[PDB]
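Next up: a single chain in structure tokens, the form deposited in one PDB entry.
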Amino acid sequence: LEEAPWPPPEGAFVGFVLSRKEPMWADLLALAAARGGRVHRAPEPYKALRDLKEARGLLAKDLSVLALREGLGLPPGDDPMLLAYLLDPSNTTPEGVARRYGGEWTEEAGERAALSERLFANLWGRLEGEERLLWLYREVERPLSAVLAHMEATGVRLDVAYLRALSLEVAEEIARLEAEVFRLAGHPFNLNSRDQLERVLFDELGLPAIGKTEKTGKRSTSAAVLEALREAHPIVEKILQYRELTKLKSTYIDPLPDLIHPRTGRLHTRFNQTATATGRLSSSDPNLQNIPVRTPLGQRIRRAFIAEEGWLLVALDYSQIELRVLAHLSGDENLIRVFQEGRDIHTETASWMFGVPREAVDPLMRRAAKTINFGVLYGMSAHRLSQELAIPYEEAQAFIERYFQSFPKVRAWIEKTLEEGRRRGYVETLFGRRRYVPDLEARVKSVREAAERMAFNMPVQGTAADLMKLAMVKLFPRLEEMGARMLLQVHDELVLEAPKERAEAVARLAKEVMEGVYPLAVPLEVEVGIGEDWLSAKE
């Protein structure tokens, strides 16, 4: 390319190098652009950012987040990663995408700009004639990238002092548990080491090994194994409490307070747009799609996520979403009827499981019931079900029989999906998002059947993901209009922040947008709550 002075013309492809992967924490080390057989290298990149009307190129959203951080409204536009990810969602990194579609991801901004240009042309060519994938690019993924950049740049408020205090209390309880464990073992050891614990439980103590680990075949110390051993020895209950507390302390209570950004005073995640096989987003650096919610201590942690003063959180979560999606994709009349009658399948399973009235079903039970309902649907075995339910094998076996007897056209959808995946090599969502599953023809049964479970899950999980993305794209400009903010997506949930005076209106509008995003054979229902913290906002 011809070396041309900086500034590039309109529509040029950007390249940029960050000092580290996280755009909210990164120093912009270099910036360049490519168009019309020229390359333009920015003499000073922060200043040079001011010249661009959009970020067009590889990882466009990341540059846009750093721009937003610096007070500049630079929206992301075309990104070859999104084209590649729609072609094949195993296209997840610029290293891989470059190698596959015509270059090399280097560490030089000029080379990255030139690469972006050339990759876009090839990938755009691969998508010509792919009308449904192009519809996904233009109507969902490209506009969603802009939404995501705003969400990342906005961040979420965290009660840092509360978490610091919680740490000190949790440390004391951890000590009580670990001391009792060591007393019961007859000696101290590293309780965080599963290899050391294995020897203690199965060798030194008498306890029967329940199962084995996948890759190296050690005697497992998983929570499921330990639950089976609850009655066998008092040390087990202590280990399980220790595990809960140390998990929560090391993953959330301790790290999150140290991640507050000094310019915003907020916590800033990354919403990774080309990271999953099904078309879900992911969240990292810190992952805010797995904040605790289930146990009393987990709930305590979730309360640290709070609204700005003068604002409220609004949390919206699709009701029974993959079951509704399944009703649409399958066309089962009974399943469709269930949702037209306004019934809740999780609550029903929960009521049946724990033998209490529907009004007695608590959140723990509902989560237990979710495991059963999705478990059975996506191919859980009777043996595992026995344990989950804590009933005889023969009864757990019969539960699966009835499930599919009740909803007869699901199995037919499963089988059509699978043969189509064998013939075509891929499966697809309602909108035509594709996942290639080659091991559907594998001759090792365990490998083939694993592949099958991956393959027929994807149209359901992926259609839910497409719906939620679409709703995000539609909703974002309405929030801007009302002075509200989109903060988090958690797969079928959004967390917004709204001024107190407009919070009720924002909740109503966001609920309607999510519910009417793309009408199906059944209604989509959305549960909405408002509160000062994330826990209270889902109450």
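In this text, residue numbers run from 1 along the sequence as written.
Keep in mind that the form deposited in another entry is not shown, yet the notes after this line are about it.
*asked:* Once each C-alpha is given to the rigid part whose superposition fits it better, for the motion between this form and the one not shown, do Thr276 and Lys21 end up together?
replied: Same rigid part: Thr276 and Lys21 travel as one unit between this form and the one not shown.
_Taking the cut-off of 3 Å or more as given, in which direction does the distance between the C-alpha atoms of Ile372 and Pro408 change in the other form, closer or farther?_
Between the C-alphas of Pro408 and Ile372, the gap narrows in the other form (3 Å or more compared with this form).
*Which is it in the other form for the CA atoms of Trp352 and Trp413, closer or farther than here, knowing they shift by 3 Å or more?*
Note: Cα gap between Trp352 and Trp413 shrinks in the other form.
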